[PDB]
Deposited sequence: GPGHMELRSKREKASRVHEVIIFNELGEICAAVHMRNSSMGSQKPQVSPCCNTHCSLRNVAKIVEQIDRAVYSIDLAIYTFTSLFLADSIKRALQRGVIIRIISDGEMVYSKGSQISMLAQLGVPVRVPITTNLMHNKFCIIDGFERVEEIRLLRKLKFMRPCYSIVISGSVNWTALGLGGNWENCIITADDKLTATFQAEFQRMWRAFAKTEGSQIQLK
């Protein structure tokens, strides 16, 4: 199953001349290709069956916003937790997603919501959806978490030294999903 660290660094665009539903990333020889890194994140979103719970500090990426928009159109249930200062700042894709009907919650606080992760089809959350829809069987799926230092922004995805882990590890995915459920109930609706 999936289990790798995505590394962003200064070599991320040395293959720019080659690259010159998104992104569409033609093959290159650059191990550190930033476009490939973004594509790997999008691919996990493209694979979401039932739920995506996203806790993020800043989110401006068109490619990533588009992948979430497609998940909505497939019937995936999306919830977003963010920082109240950034959540509707200029360029925030969270504004756009809220307009489409995605629920958003933020803490009332002077501190920063800097806990950045996305849990796809978390077991606990898929089970909750199963109950709320009164179903007995679900289509096959498995939990995936994406988490690390990176924000879904121009600098985060196309400039900074950053990393994120993508993993199906049962213990990690379960812990992140649990903290999302806890934050969801504790935070303020927008």
- [ ] Map the modelled residues onto the deposited sequence and report the uncovered stretches in sequence order.
- [x] 1-15, 36-42, 213-220
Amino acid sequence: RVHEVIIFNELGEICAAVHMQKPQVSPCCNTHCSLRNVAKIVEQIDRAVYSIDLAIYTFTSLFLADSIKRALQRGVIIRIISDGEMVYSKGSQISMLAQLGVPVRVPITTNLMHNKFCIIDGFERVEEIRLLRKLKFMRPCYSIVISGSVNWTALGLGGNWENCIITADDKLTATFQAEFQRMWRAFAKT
From here on, numbers count along this sequence of modelled residues.
Task: Of 11-19 and 167-175, the one with larger mean CA B-factor - done: 11-19
TODO: Look over 124-132 and 51-59 in the entry and identify the one with the greater average Cα temperature factor.
DONE: 124-132
Task: Criterion, highest CA B-factor; candidates, 138, 28, 64, 145 - done: 138
TODO: Check where residue 72 lands among this chain's C-alpha B-factors and tell me if it's the lowest, middle or highest third.
DONE: highest
- [ ] Place residue 113 in the lowest, middle or highest third of its chain's C-alpha B-factors, as listed in the PDB entry.
- [x] middle
- [ ] For residue 95, return the chain-relative third of its C-alpha B-factor as stated in the PDB record: lowest, middle or highest.
- [x] highest
